[PDB]
There are 4 protein chains.
Amino acid sequence: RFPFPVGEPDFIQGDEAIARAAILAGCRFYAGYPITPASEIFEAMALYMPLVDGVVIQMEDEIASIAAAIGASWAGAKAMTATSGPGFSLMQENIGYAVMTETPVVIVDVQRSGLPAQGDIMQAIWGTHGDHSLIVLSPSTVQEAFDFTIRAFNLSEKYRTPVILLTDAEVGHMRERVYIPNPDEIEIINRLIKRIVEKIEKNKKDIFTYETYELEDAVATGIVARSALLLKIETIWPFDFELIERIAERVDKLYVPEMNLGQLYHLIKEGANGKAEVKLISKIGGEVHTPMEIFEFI
Amino acid sequence: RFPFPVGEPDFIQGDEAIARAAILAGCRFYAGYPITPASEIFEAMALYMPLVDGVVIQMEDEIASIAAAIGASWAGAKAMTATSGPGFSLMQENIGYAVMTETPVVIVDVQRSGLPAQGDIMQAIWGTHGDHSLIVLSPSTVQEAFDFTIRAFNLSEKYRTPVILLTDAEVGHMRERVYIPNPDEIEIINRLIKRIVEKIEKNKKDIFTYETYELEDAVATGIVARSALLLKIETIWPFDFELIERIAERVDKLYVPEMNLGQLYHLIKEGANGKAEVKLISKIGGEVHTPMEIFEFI
Amino acid sequence: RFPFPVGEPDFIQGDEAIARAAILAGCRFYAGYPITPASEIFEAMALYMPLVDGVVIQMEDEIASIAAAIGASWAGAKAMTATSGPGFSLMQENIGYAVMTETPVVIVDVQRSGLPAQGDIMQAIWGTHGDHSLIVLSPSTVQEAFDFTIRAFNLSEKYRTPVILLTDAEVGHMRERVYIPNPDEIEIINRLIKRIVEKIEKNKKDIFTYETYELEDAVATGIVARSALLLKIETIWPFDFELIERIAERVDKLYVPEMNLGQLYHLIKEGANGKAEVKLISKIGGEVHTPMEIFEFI
Amino acid sequence: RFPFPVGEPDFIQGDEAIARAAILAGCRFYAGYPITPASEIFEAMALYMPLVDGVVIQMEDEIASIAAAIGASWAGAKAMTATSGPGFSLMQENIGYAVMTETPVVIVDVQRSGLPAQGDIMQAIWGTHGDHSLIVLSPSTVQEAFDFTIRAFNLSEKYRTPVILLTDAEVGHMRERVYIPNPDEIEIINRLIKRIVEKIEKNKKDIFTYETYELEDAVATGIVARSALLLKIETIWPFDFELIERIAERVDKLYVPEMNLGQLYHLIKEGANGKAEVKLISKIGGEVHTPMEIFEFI
């Protein structure tokens, strides 16, 4: 009994795909605030969630926003928050905390400029205090935003960890085609710091996920994969370093275009054990890479 | 199946009576941090709550601490936090928020000096932004700390409101006799801003509660009722102004001893429509009133 | 060398009068965030302050916003923040803190609905934890917003205390006539908890300020004084209780119209030692009292 | 006129060396809270700073703690805060903010277990939201804690940036010999996001600083350099990647012992462009590496 179309193609935005995906995954607690460009995730939840006997909690404070979800999670709910920019910085203690408690919870960081951007890749990985491991996923299309949100809620439960869906304003706002399956076509997974880290890092084979098929060629993520279309980075963390190694050997140079000053780049160069030149095509300040721009540069 | 004595007298501290009372009331979510003198409420919960299939959440941030409980409450749990001093100030937005959402949640403010004190009476009433109404209870004994905690959880549900149990370090730490009933001897109540305010303020007859029987005489709360033992103030808010009126007429002077510089005093003088002299015996800086001190002064 | 008109009448909004007044008073530190209806105070400061060799600090967090000003104050600056609604709740710990440290700082709480409102009168007085005293001023016109801001900065220094300028969206946004004096026509005052409280409360004769001249008659504050135009409440705290007493005797009934459910009312009834009937004309939900509405009711 | 010994050797703890160094550097604003093991930095400041006409501000909230210093800095003061663990997480937004504003301020993160630890190396670098660059220094001795604190205040001013002094509980608490120079033997430096990043990253030659002299050999930081005594890592960020490259070639294997699960390690492996095997000796859970432990393993 879902208040949106299921079992059929539809044309939705990112924020809406996420908000639909979450609900089908089992999430009946959302805690957030209307802020651009997450405020559409909010509106969708605010619209849909009361009609599925779920609850939306409009919290002022990002600190409070994430804490309420950790709290709903512990009282049994599947739960999510959503934020942007320096809000995401505010949530790092409670995220860190959710790591140690092995709390299932999903966080959406909708990246932004000031207009998409890709400058929270490292903070998504290392912003927590201490030794920790959590999962970070990066959607390149509106269909991936739908699918990864499902996967996030599934991973969050299976590995009893927070999951970060790391996206951008453009994927979030741009309308595209999403096939939304019927409820029962969807597998949903029901419900010291050495095992915590190993929980994640020893299972990259299950949690890591990449797209790329050019075995006969001489790497990006998010809204920059679509304009670079190539190695597709979907699972940002835990990160398969060896895979980048194997690909280093089989090619001459590895171009890493990002909307930052080098973050995805670093993991690539550390991945490529010297066995290929690694270069960054950085654009920042608003526009995604136009494919002519990535084109020329190479 | 409770991990502490039930259906029998026992001798416990305030923090322990509260922590026992909460659990018998149905609370299976506690979110707090060890701070004096609330850190004993924590320890007791941390000790007892895992053995009743409940959960304790050690949160750094008081802002986060209260938000997690609002969140657990909305996902269905009966929930409580506990705090002291400027922590209580931090929780005022989320409390205010719990008021508007009509969220059942219980908050313990354990008052302090720097050593009890009584300087959060007004902040308990008016610290929220806006127009609101919530309930505030004040225990004078260890048995009242037990009983009011029960009543708090019952009122919180019935009137769908936050309830503040406003206590002090001394009541909290001092060992006294508590009769703890057996589980089934306890009635527990299962689960715009004009009706909100009226919800509470129109039902003072049910929510207001005082102790005093001297119809032949010529007023305090908390640890200061025991040393003044008299009108006993138990329900601080919603406040029965008329009752203080009726008592004004029947007496000459009304002495209001508090451990502050006048807070309970003000409600008394506003209650006494001029119909009696109202005077405050203020001691602050550590010790409760020794009854000799209240004695002399009158 | 001021980047706005001085020594002459002009027609400005509230937020602009405040922002002009502050600068003439000596304030060279403002820390805030653009939020309605304080975001105009911000814009004005952001516009004017760089041209007077001052500094504006755009802080996300209201907690941080007030802390930065307490910090600038201690490093020697005259300083101010500005906020609205549940933001004001967030600042209560740091305000409380500024009280104990005897820190000069000015805070503007721009009251709001959801559209003015008057529901932070009590929170302005009692939202701090503990025993404290601070000053609260209430402007009824755009000229009073200018003048009280000056007075706030002067009182803040003289009594080494925080000062709260408690205003509303309407006074803030409405254009009126302000005479702005020339710089040198303005007197500006250069730079335990028992003396703190007495600092303020023993000097009501200097800090308290009211407007009303009807000795031959049979009381409001803010945007509701202009529509009730009568006793004008300008200094909200410290509060002259005796004055309301003297006025109680000389009249039959005292009407207290507020945009809340009774806050100014309570101080009035406690002021009137029974010696006059006290009644509240409460409107909430948007519009100020239209004078026909206050008119009929009486 | 300094209230501690100058111009002579003395034997002090880390927290005391830091607190002495800061004052000699020109810092007259400290804002913090007593927490282990930073609470000694506090006590020292609280003791010394009033006697140099400076100010210490005891703030509850780490968010507020850092904001007050950013604020004091902007009103002209040289300023510092100090924190530990999830406190450091709370400060990431305001740090990020200090980056964009090009605010000189110094932050001490005293690393900890639960007992030193080294699990905030990455968070020190990448915990800010967005694209940014700041400086991070790591003291290995009590004399380096003194000296780097000086250098921090000097770098903070010269590059108009926040500086993070990244230390640990052990260096902080352990007594050692510090030569404290006389005041005038100390050079102190008086007072978009593409130039910000380049400000730092283009000047590694001045900001980067390492200790190691074994050109005839076949790498650690903090309390783990002393027990590994070798390449000494002092400037953690901006990081000289090429230097690690040059050292990779000249040796067979590079052992990176840390008290974490690999953080310093990653920068090393990314530094070593495949040109040497890189291995981590991780101990976590309390004790520093005993040199026998690092010894055996190799």
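Residues numbered from 1 in each chain as written, not as in the entry; some residues may be left out. Chains lettered and ligands numbered in written order. Heavy atoms only, no water. Residues with missing side-chain atoms left out of burial classes, pairs and counts.

Per the PDB record, the structure was determined using X-ray crystallography to 2.301 Å resolution.

Engineer: Could you give an account of the overall build of chain A, naming the residues involved and the relevant values?
Structural biologist: When helices and strands are counted, chain A shows 14 helices and 13 strands. Rg of the C-alpha trace for chain A: 18 Å, near the compact-globule value of 19 Å for 298 residues, within the 12% margin. (Helix = DSSP H or I, 4+ residues; strand = E, 2+ residues; numbered from the N terminus. Rg over C-alpha atoms; globule rule 2.2 N^0.38 Å.)

Engineer: I'd love a proper account of the relation of the copies chain A and chain D, names of residues and values included.
Structural biologist: Laying chain A over chain D is done by rotating through 180° and shifting 0.0 Å along the axis; what remains is an RMSD of 0.0 Å. In symmetry terms, the pair is related by a two-fold rotation axis. A shared binding surface is used by both copies, with 100% of the interface residues of chain A retained as interface residues in chain D. (Least-squares fit on C-alpha atoms. Contact = heavy atoms within 4.5 Å.)

Engineer: Residue-level account of the interface of chain A and chain D, with values.
Structural biologist: In this assembly, 32 residues from chain A lie in contact with 32 residues from chain D. Contact with chain D buries surface across chain A, with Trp 126, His 129 and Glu 270 of chain A losing the most and accounting together for 24% of the total. The tally of links between chain A and chain D comes to zero salt bridges. Put simply, chain A and chain D have 18 residue pairs in polar contact between them. Of all the elements in the fold, those that place two or more residues in the side of chain A that touches chain D are α4 (86-90), α5 (92-100), α6 (121-126), α9 (193-201) and α13 (264-271) of chain A. Here the side of chain A that touches chain D gets four residues from one element, more than from any other, and that element is α4 of chain A. (Buried area = accessible area lost by both parts, 1.4 Å probe. Salt bridge = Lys/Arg side-chain N within 4 Å of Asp/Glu carboxyl O. Polar contact = N/O pair within 3.5 Å; in protein donor to acceptor, adjacent residues only side chain to side chain.)

Engineer: Please set out the packing of helix α12 (residues 241-249) of chain D against helix α13 (residues 264-271) of chain D residue by residue, giving values where relevant.
Structural biologist: All names here are of chain D. Viewed as axis vectors pointing N to C, α12 and α13 meet at an angle of 70°, and their least axial separation amounts to 8 Å. In terms of axis orientation, α12 runs roughly perpendicular to α13. Considering only the axes of α12 and α13, their crossing is right-handed. Across the interface between the two elements, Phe 241, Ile 244 and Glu 245 from α12 touch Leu 267, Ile 268, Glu 270 and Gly 271 from α13. Residues that form the contact of α12 with α13 fall into these classes: four nonpolar, one polar and two charged. (Axes fitted to C-alpha atoms, helices over the stretch in contact; angles between N-to-C directions. Parallel < 35°, antiparallel > 145°, perpendicular 65-115°, else oblique. Left-handed = near helix turned anticlockwise from the far one by under 90°. Nonpolar A, V, L, I, M, F, W, Y, C, P; charged D, E, K, R; others polar.)

Engineer: Residue-level account of the domain arrangement of chain A, with values.
Structural biologist: All names here are of chain A. Assigned domains within chain A: domain 1 (1-191) and domain 2 (208-298). The gap between the C-alpha centroids of domain 1 and domain 2 is 25 Å. Listed as interface residues are 25 residues of domain 1 and, on the opposing side, 23 residues of domain 2. Every element with two or more residues in the side of domain 1 that touches domain 2 is listed here: α6, β6 (135-137), α7 (142-158) and α8 (169-173). Per-element tally for the side of domain 1 that touches domain 2: the top contributor is α6, with four residues. Split into classes, the residues belonging to the side of domain 1 that touches domain 2 amount to 14 nonpolar, six polar and five charged. (Domains from an automatic or database assignment.)

Engineer: Give a detailed account of helix α1 (residues 14-25) of chain D, specifying residues and quantitative values.
Structural biologist: Residue and element names in this part refer to chain D. Between the first and last C-alpha of α1 there are 16 Å, a value that for 12 residues agrees with the 16 Å anticipated at 1.5 Å per step. A large share of α1 lies buried, amounting to 12 of its 12 residues. Of the positions making up α1, those classed as buried are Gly 14, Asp 15, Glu 16, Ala 17, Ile 18, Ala 19, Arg 20, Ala 21, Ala 22, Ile 23, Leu 24 and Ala 25. Directly beyond the C-terminal end of α1, a positive phi value near 130° is found at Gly 26. (Expected span 1.5 Å × (residues − 1). Buried < 20%, exposed > 50% of the residue type's maximum accessible area, 1.4 Å probe, protein only.)

Engineer: A description of the packing of helix α3 (residues 62-74) of chain A against helix α3 (residues 62-74) of chain B should follow, citing residues and the corresponding values.
Structural biologist: At their nearest, the axes of α3 of chain A and α3 of chain B sit 7 Å apart, and the two run at 45° to each other. Our classification of the angle between α3 of chain A and α3 of chain B gives oblique. Here α3 of chain A runs over α3 of chain B; the crossing is right-handed. Counting all contacts with α3 of chain A, which are made through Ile 63, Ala 64, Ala 67, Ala 68, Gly 71 and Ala 72 of chain A, the residues of α3 of chain B involved are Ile 63, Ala 64, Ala 67, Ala 68, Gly 71 and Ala 72 of chain B.

Engineer: Kindly report on the pairing of strand β2 (residues 29-32) of chain D, identifying the contributing residues and their values.
Structural biologist: Residues and elements named next belong to chain D. Across the two faces of β2 the burial is the same, with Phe 29 and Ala 31 and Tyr 30 and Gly 32 all buried. Of the crossover connections in this fold, the one passing from β2 over helix α2 (residues 39-48) to the parallel strand β3 (residues 55-58) is right-handed. In this structure, β2 lies alongside strand β4 (residues 79-83), joined through two bridges in parallel fashion. Residue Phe 29 lies in a different strand from β4, and its bridge partner there is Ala 79. (Right-handed = clockwise from strand over helix to strand, strands pointing away. Pairing = 2+ DSSP bridges.)

Engineer: Quick one: what's the story with the sheet that holds strand β7 (residues 162-168) of chain A, residue by residue and with numbers?
Structural biologist: Residue and element names in this part refer to chain A. Sheet architecture is open: seven strands sit in the order β3-β2-β4-β5-β7-β6-β11, paired in mixed fashion. Edge strands, defined here as strands with exactly one partner in the open sheet, are β3 (55-58) and β11 (235-237). Along the sheet, successive strands turn relative to each other by an average axial angle of 20°, direction set aside. Summarising the sheet, β6 and β11 pair through two bridges and their orientation is antiparallel. Among the inter-strand pairings, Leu 137 is bridged to a residue of β11, identified as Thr 235. Against the sheet, α5 engages β5 (105-111) and β7, with an angle of about 140° to β7.

Engineer: Please give an account of the pairing of strand β12 (residues 253-258) of chain D that cites residues and values.
Structural biologist: Each regular strand displays side chains that alternate between the two surfaces of the sheet. Residue and element names in this part refer to chain D. Inspection of the sheet shows β12 paired to strand β13 (residues 277-282) by six bridges, in the parallel sense. The partner of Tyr 255 across the bridge, within β13, is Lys 279. Considered for its hand, the β-α-β crossover made up of β12, α13 and β13 is right-handed.

Engineer: Quick one: what's the story with the sheet that holds strand β5 (residues 105-111) of chain C, residue by residue and with numbers?
Structural biologist: Residue and element names in this part refer to chain C. What the seven strands build is an open sheet, ordered β3-β2-β4-β5-β7-β6-β11; its pairing is mixed. Two strands in the sheet have a free side with no partner beyond their single neighbour: β3 (55-58) and β11 (235-237). Sheet twist, expressed as the average angle between the axes of neighbouring strands with direction ignored, equals 20°. Seen against the sheet, helix α3 (residues 62-74) touches β2 (29-32), β4 (79-83) and β5 and runs at an angle of roughly 165° to β4.

Engineer: Before we move on, could you go through the environment of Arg 191 of chain C and cite the residues and values that matter?
Structural biologist: Residue and element names in this part refer to chain C. Within the fold, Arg 191 resides in the loop between β8 (176-180) and α9 (193-201). Given the relative accessible area of 44%, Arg 191 is considered partly exposed. Placed 33 residues apart in sequence, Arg 191 and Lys 158 show a C-alpha to C-alpha distance of 7.6 Å. Apart from residues no more than four positions distant in its own chain, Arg 191 is found in contact with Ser 73, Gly 76, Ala 77, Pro 104, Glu 157 and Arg 160. For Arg 191, the side chain forms a polar contact with the main-chain oxygen of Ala 77, separated by 3.2 Å.

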